[PDB]
Amino acid sequence: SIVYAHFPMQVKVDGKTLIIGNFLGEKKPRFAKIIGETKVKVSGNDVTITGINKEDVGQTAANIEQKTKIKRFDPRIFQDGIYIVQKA
Amino acid sequence: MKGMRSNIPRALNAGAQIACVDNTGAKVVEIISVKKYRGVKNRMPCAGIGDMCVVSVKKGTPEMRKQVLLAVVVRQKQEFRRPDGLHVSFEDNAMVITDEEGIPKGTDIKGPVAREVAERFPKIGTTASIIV
Amino acid sequence: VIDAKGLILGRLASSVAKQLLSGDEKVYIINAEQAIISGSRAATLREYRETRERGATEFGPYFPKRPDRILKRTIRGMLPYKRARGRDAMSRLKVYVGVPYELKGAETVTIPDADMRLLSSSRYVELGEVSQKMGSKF
Amino acid sequence: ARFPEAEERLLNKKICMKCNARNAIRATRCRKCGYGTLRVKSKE
Amino acid sequence: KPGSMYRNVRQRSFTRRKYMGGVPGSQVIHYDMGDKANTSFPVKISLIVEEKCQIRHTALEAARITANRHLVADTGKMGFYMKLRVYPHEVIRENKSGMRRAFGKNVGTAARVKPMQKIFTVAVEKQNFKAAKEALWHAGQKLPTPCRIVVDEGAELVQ
Amino acid sequence: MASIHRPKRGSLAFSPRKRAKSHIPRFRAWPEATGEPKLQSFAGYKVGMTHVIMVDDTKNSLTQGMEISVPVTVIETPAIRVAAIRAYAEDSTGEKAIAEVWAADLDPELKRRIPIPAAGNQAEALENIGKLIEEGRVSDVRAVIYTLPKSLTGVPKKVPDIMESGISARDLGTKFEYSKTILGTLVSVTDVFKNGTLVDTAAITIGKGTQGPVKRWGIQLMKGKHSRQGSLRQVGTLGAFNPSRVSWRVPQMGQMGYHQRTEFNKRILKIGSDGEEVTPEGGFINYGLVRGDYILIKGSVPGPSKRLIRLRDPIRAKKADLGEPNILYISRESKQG
RNA sequence: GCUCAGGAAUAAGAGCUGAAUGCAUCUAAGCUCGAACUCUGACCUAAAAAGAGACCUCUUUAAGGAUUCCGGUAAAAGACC
RNA sequence: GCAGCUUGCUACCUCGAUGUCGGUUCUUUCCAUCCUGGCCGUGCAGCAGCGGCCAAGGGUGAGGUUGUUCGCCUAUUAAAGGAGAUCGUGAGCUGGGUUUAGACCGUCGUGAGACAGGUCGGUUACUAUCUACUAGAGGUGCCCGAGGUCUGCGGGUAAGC
RNA sequence: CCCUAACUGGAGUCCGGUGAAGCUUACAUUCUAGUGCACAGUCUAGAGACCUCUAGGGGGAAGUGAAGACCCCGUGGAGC
RNA sequence: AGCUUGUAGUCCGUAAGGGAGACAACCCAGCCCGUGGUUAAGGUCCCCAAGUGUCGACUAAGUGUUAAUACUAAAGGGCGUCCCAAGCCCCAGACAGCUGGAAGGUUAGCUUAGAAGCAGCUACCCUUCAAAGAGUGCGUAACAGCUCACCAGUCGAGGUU
Ligand SMILES: [Mg+2]
Ligand SMILES: [Mg+2]
Ligand SMILES: [Mg+2]
Ligand SMILES: [Mg+2]
Ligand SMILES: [Zn+2]
């Protein structure tokens, strides 16, 4: 699932990567790799990740979550990125 | 700070005495240190045109005398080259008492000042009369 | 010729050293880049890194980087290479990375002792991995 | 901004009280030093 | 001085009051704790020593204080009877020239022990046994020797 | 002891500092090909220095859009001849030369360097190389070129200089075909470099002979009262008590100059054809005057006048395509007085 | 006047999969990221690398090398061009 | 408990001599991290702090008093870290202090004299035998004879911060 | 002094003539750790090293000069 | 303290030869010369003579591969792993989960309005049904539900101190 406060996000699938643009006032968009044939689909404020390999989908979700972590502030007041509402 | 088009050698040396050329009330100052200068071993700090440096008043009015202040160099006797190829030099070093930003305490400057300090510090440019 | 495909390093070196010293024709170790070194990954890498960067430039220990050079150096230690017997023995050893053209299709034999099948667990690394971690193109 | 998922995956973990390593919830032993006592990540 | 300065038993005993001089006093005030007038505690555990050594009186005082605090906090003021056993009879001397007439002068008092010799003893009910073990384990932490806990009486009750 | 820290004197990335074993710079690394086939190098002879007035066009620079004065080095580049083709094979122990085919026609003055190869196998040798590449043994191809210094006048020598270059393509077959096409012909400097591009220069530097530690490593003299006690330009201490040896990293005296050096990201400002456009009154000092085609390089170049300069396309360039410089005035004043 | 990266494998650390201990768990196997560090890539030197090298050309009473002679891009003597 | 970087304890080596303190020059090592790189906690809104973990690649300066180490002070600075190397370094330098012979002041002694107190003055020897290192040459070894062009076992780097 | 640079004359470097002295049990192309009267080029275990020659500054040979001037000892002296 | 001063035995001093990496005094041995043979200490993967020896287990750390020894790190901890014994529950059914239940009353005493299970006296808040509470926590002015403790259906073999 997606969450944001002020800066809307442009999650766009392109090739074997997921590009995150405009994350917390971001000019250089971040890159998340896609492992295996794990087809991902973006729809509003949620992402669904299909696949036949359990470790593959798990690692893809982990990469997507780990790329979008803001690492210089307080989790109380800044809470943005992509979070897993349900494991594989 | 903002880069200068020209290239300025660091002529004046920490320990030098300059003749301040404004109407603030001081005649002679003593360069103590140069802002934004690390240095290496055994090297004395040095300052050139358009360098903000802390000084000490040696000759002037009693209230101004014995005061640590900030000032920049507006002229120097050591030659430096223009962007398009030419060398410019003066007969004497000079300095003006200012603040951290660049506002000079004096409202009148005597003699010419180099145009590069005029571009770096606009206030010195406006307060001056003749620029060469 | 001896094929170093899946053999323990010290066991192979000890057998080859002894039967060089006994006095015979020369010996050839081929595929000296997938020999096994039992032990955990991190400890092996740490020990070989410390061995590599240990000398002084003029006269310090110059530990080699190439895999066959490492195997030759390992055999060099089980052998009196300063004496005449040891130098003659060292003159009859040739360890090759891969398979040289002249030894192509040659009849092979193996040391039945040094076998990775004779190992309790799966805690080992291959020699080429350490060679590449030390920065060698082979 | 306090949202459910962000607090779920950000500040819902226990902290080792000696080396400050963060652990899981249903735990009683630091995974890296084994210290017995674990507190909880500070709330608001 | 540090603890390990006077902890080994290498030399003879030195305890005759009437020959030496000027021994400083002690800090441990009471050697019996808790309900002295009670005699009906079915469980009697104790802290024993695993090696010969010398214990300063200050260490004994610290151990007694900590055990007292724990036991009173958990078991209760009338639910136990602690009793220290070893009294410090030895005397400690610290040289203070060089090695010229190096014989020392009295600076303190110590209590020698022997392996498997009881130091503390706590009596409790059945419901406060774990608290007794918890209390006796902290007391042995201030003590200069390895220590183990033995349940002397009512072993079948607890075990 | 409260020690005052100081960066080390001189660089140990160039040691040992000994005389170059040859008078011709040798290249250790060739770039990656990113275009149509062509040679990756060229050769020439240094003449001297001048300056030009060019409208500044470096993007984002402070002085953009205004006139500036720039020092430039003029380099004479007579056309070179591609004299041979060499094939290399890859294995465990690195590349190994496996074949060469020479051109049929060659300059008679090449006999001063080596005896002239005789025209034996030309078509059969080339088809031999082709069969080798067809069976996937050959990995790369290199060209052998030499210069023709007899046309110049300021360079006394009349014997060619032989060196190996590299072809730039995206496949071995393309390199072989291009090498076959260009074998035994004359290649002009314009066929290798485009005006305004960057290059890398290599050459042997000026020789100073044996020099002491002060001028060789730039150590400090003796100061104050110590300046008149017997040791002024000698080094302070050769080492500590232990270890009982002099380290190789201590400054000492020896050869200075005549090493091989490389300069990065020098821009080409003008490809000329007629020498009258650069020759000052009275000619260059100790050289003479330019007769053939030349090339202008922004900045300085290692080595003195009459030294061979090798050029190759950039190996660590950053900036994108720059463009053709706008030269307004080229100084032809006398270099003398 | 010029003076970069990019990549590989990692430390602390952050995760995925996962059982002993049905659940849960960053670890016990296994896997993914992760530093001015390490390696590679640039750069200088290097067949006296004793496994003492490869290829080509010219020629074996020759090819070719030295000395003499006129010099300097080199130079303490030698060497080098 | 660790280190041997302060002072003690001992008397194992050196009295037919191993040239003292501090500073200067130049090279290197350790990490118990002052800055630069990466992380974790917070009684962390932001800025800036506080505490801890990995990391020794680079940096760690200029001045006034004092013989000083140490320490105080000044204006900058990203910061102006601490130790080891015969308390690194006198066949490299200096000679300010201590440690000879001269003299003055105070205190001791009846006196010659003394101070562990202060002050002024006061010679710095040598043509490098061996080894190590920095550079330059002549041989012999491998090799058909000669020349040329290469590869790269290895060595070095901070080449940038 | 920052921060060094160019130049001049005498030495040095190279060639001809003349022509000494001082350290020296022996061997000796070394480096690291240990051991040993606890500060090893020669011992123990490793690592390196083809030989000869020229120039150069002094890291080491606890480098050479010299029966310690500091401290103690002698039923040794001298002066006061 | 490889310190200082005693005592019994044996040694070095004045003691070869064999083994300990080298080792004044540690182990075997006290030694006229020459030849053959078997053993002691100690060893048997290679350096290096003789075992890649046999049986039963342990260690995963290159820990260790170091009789004595002036040459070898401690308290404390480990749901790391290998064993012994003692208790407790147990296939008519123990532990971890799947589940819901935790309803009677209460909104406990509480002045601040309010600390209404979670500031501050009390006591099992139900005669009663597995459950039902004066009760931990997300929530929580107070609460409230969500529900802690605490039992109940459910799997299906050992669990636990
Ligand atoms: Mg010296
Ligand atoms: Mg007497
Ligand atoms: Mg005897
Ligand atoms: Mg013996
Ligand atoms: Zn922890």
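Definitions and limits used
Residues numbered from 1 in each chain as written, not as in the entry; some residues may be left out. Chains lettered and ligands numbered in written order. Part of a larger assembly, values for the part shown. Heavy atoms only, no water. Pairing = 2+ DSSP bridges. Helix = DSSP H or I, 4+ residues; strand = E, 2+ residues; numbered from the N terminus. Contact = heavy atoms within 4.5 Å. Axes fitted to C-alpha atoms, helices over the stretch in contact; angles between N-to-C directions. Near = heavy atom within 4 Å. Polar contact = N/O pair within 3.5 Å; in protein donor to acceptor, adjacent residues only side chain to side chain. Buried < 20%, exposed > 50% of the residue type's maximum accessible area, 1.4 Å probe, protein only. Buried area = accessible area lost by both parts, 1.4 Å probe. Salt bridge = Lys/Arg side-chain N within 4 Å of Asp/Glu carboxyl O. Nonpolar A, V, L, I, M, F, W, Y, C, P; charged D, E, K, R; others polar. Parallel < 35°, antiparallel > 145°, perpendicular 65-115°, else oblique. Expected span 1.5 Å × (residues − 1). Arc of directions from axis to C-beta. Core = buried A, V, L, I, M, F, W, Y, C linked by side-chain atoms within 4.5 Å. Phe/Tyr/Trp six-rings, centres within 6.5 Å; stacked < 30°, edge-to-face > 60°. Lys NZ or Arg CZ within 6 Å of the ring centre and 35° of its normal.

Regarding how it was determined, this PDB entry cites cryo-EM in its header, along with a resolution of 2.85 Å.

*Asks:* Where do I start with the sheet that holds strand β1 (residues 2-3) of chain C in this structure?
*Replies:* The strands that make up a sheet are held in pairs by hydrogen bonds between backbone atoms, and each pair lies either parallel or antiparallel. Residue and element names in this part refer to chain C. Taken together, three strands build an open sheet; the order of strands is β1-β2-β4 and the sheet is parallel. Strands at the two margins of the open sheet, each flanked by one partner only, are β1 and β4 (93-96). Relative to strand β2 (residues 27-30), helix α1 (residues 9-21) is tilted by about 165°, and along the sheet it contacts β1, β2 and β4. The sheet strands contacting helix α3 (residues 67-77) are β2 and β4, and the helix crosses β4 at an angle near 150°.

*Asks:* Would you take a moment to explain the protein's contact with RNA strand G for this structure?
*Replies:* Of all residues adjacent to RNA strand G, which total 65 residues, the nearest are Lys54 of chain A, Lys94 of chain C, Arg31 of chain D together with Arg28 and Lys266 of chain F. Counting only atoms of RNA strand G within 4 Å of the protein, the fraction found in sugar and phosphate groups is 82%. Contact between RNA strand G and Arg9 of chain D: a phosphate oxygen at 3.3 Å from a side-chain N or O atom of the residue. In this structure, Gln260 of chain F approaches RNA strand G through a side-chain N or O atom, which is 3.1 Å from a phosphate oxygen. Counting residues per element, the ones that place at least two in the surface near RNA strand G are α1 (54-67) of chain A, β4 of chain C together with β4 (96-102), β9 (207-211) and β11 (260-271) of chain F.

*Asks:* Explain the sheet that holds strand β4 (residues 105-112) of chain E to me, please; I cannot follow it from the model alone.
*Replies:* Residue and element names in this part refer to chain E. The strand order β2-β4-β3 describes an open sheet built from three strands, whose pairing is antiparallel. Both outer strands of the open sheet, β2 (54-56) and β3 (90-94), are each paired with one neighbouring strand and no more. For this sheet the average axis-to-axis angle between neighbouring strands, irrespective of direction, equals 50°.

*Asks:* How should I be thinking about the pairing of strand β3 (residues 80-89) of chain F in this particular structure?
*Replies:* All names here are of chain F. Most of β3 is tucked away: 10 of the 10 residues are buried. Relative to strand β7 (residues 186-187), β3 is paired through two bridges, and the arrangement is antiparallel. The residue bridging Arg81 from the neighbouring strand is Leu186, located in β7. In this sheet, strand β5 (residues 138-146) lies alongside β3 in antiparallel orientation, the contact comprising eight bridges. By the bridge assignment for β5, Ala89 is matched with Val138.

*Asks:* Teacher, can you tell me more about the interface of chain A and chain D here?
*Replies:* Where the parts come together, the accessible area they lose is often given as the size of the interface. Contact with chain A, which involves 10 residues of that partner, is made by 12 residues of chain D. Interface of chain A and chain D: buried area, both sides summed, is about 1100 Å²; carbon and sulfur atoms make up 53% of it. Broken down residue by residue, the surface that chain A buries against chain D is led by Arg76, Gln79 and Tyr83 of chain A, which jointly contribute 57%. Applying the counting criterion to the chain A and chain D interface returns one salt bridge. Each residue belonging to the side of chain A that touches chain D can be placed in one class, and the counts come to seven nonpolar, one polar and two charged.

*Asks:* Even after reading the chapter, I still don't get the interface of chain F and chain C, so can you show me in this structure?
*Replies:* Listed by partner, the interface residues are four residues for chain F and five residues for chain C. The junction of chain F with chain C conceals about 390 Å² of combined surface from both sides, 52% of it contributed by carbon and sulfur atoms. When the area that chain F buries against chain C is broken down by residue, the three leading residues are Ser92, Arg245 and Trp248 of chain F, summing to 90%. Inspection of the chain F/chain C interface yields zero salt bridges. Grouping the constituent residues of the side of chain F that touches chain C by class yields one nonpolar, two polar and one charged.

*Asks:* I'm lost on the packing of helix α1 (residues 123-134) of chain F against helix α2 (residues 172-182) of chain F in this one. Help?
*Replies:* In a pair of packed helices, the angle between the axes and the distance between the axes together describe the arrangement. Residues and elements named next belong to chain F. At a minimum axis separation of 11 Å, α1 and α2 run at an interaxial angle of 170°. Classified by the angle their axes make, α1 and α2 are roughly antiparallel. Within the contact between the two elements, α1 uses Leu126, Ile129, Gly130 and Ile133 and α2 uses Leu172, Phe176 and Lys180. Looking at the contact of α1 with α2 residue by residue, the classes come out as five nonpolar, one polar and one charged.

*Asks:* How should I be thinking about the protein's contact with RNA strand H in this particular structure?
*Replies:* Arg72 of chain A, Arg69 of chain C, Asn20 and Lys41 of chain D together with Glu164 of chain F are the nearest of the 78 residues found near RNA strand H. Sugar and phosphate atoms constitute 77% of the interface atoms of RNA strand H, taking the interface as everything within 4 Å of the protein. Within the side chain of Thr57 of chain C, an N or O atom sits 3.5 Å from a sugar or linking oxygen of RNA strand H. Here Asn20 of chain D contributes a backbone N or O atom positioned 2.4 Å from a sugar or linking oxygen of RNA strand H. Here the surface near RNA strand H is composed, by residue class, of 24 nonpolar, 22 polar and 32 charged.

*Asks:* How do you make sense of α1 of chain F when you look at a structure like this?
*Replies:* Note that an α-helix has 3.6 residues per turn; residues three or four places apart therefore point the same way. All names here are of chain F. Between its first and last C-alpha, α1 extends 16 Å over 12 residues, near the 16 Å set by a 1.5 Å rise per residue. Of all the residues in α1, the buried ones are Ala125, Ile129, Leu132 and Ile133. Viewed end-on, α1 has its buried residues packed into an arc of 100°, placing them on one side of the element. The exposed residues of α1 that point more than 90 degrees off its buried face are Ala123, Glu127 and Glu134. Of the surrounding secondary structure, the elements contacted by the buried residues of α1 are β4, β5 and α2.

*Asks:* Can you walk me through the nonpolar core in this structure?
*Replies:* Generally speaking, nonpolar side chains in soluble globular proteins are found buried as a group. Residues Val82 and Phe193 of chain F are the most contacted members of the largest nonpolar core, which totals 62 residues. Counting residues per element, this core draws most heavily on strand β1 (residues 41-55) of chain F, which supplies six residues. Leave out the neighbours within four places in its chain, and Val82 of chain F touches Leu39, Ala103, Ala143, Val144, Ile145, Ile182, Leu183, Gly184, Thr185 and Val187 of chain F. By size, the runner-up hydrophobic cluster in this structure holds 33 residues, among which are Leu12, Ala35, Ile37 and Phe63 of chain C.

*Asks:* Would you take a moment to explain the arrangement of the chains for this structure?
*Replies:* Interchain contacts are distributed over three pairs of chains, and the most extensive set of them lies between chains A and D. The smallest C-alpha distance separating chain B from chain D is 38 Å, and no contact links them. Without any contact between them, chain C and chain D keep their closest C-alpha atoms 18 Å apart.

*Asks:* Would you take a moment to explain the packing of aromatic side chains for this structure?
*Replies:* Each aromatic ring pair is characterised by the separation of its centres together with the angle its planes make. Under the defined criterion, the tally for this structure stands at five aromatic pairs over all chains. Here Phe73 of chain A and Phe78 of chain A contribute two aromatic rings whose centre-to-centre distance is 4.8 Å and whose plane-to-plane angle is 80°, an arrangement assigned as edge-to-face. Taking the relative accessible area as the measure of exposure, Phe78 of chain A reaches 31% and is therefore partly exposed. When the ring of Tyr31 of chain E is compared with that of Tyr87 of chain E, the centres are 5.4 Å apart and the planes differ by 40°; the resulting orientation is tilted. With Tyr31 of chain E in the segment before β1 (43-49) and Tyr87 of chain E in the loop between α1 (57-74) and β3, the pair connects residues that are 56 residues apart, well separated along the chain. The ring of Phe14 of chain E carries the charged tip of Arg93 of chain E above its face, separated from the ring centre by 4.6 Å. Of note, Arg316 of chain F hangs over the ring of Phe264 of chain F, and the distance from its end group to the ring centre comes to 4.9 Å.

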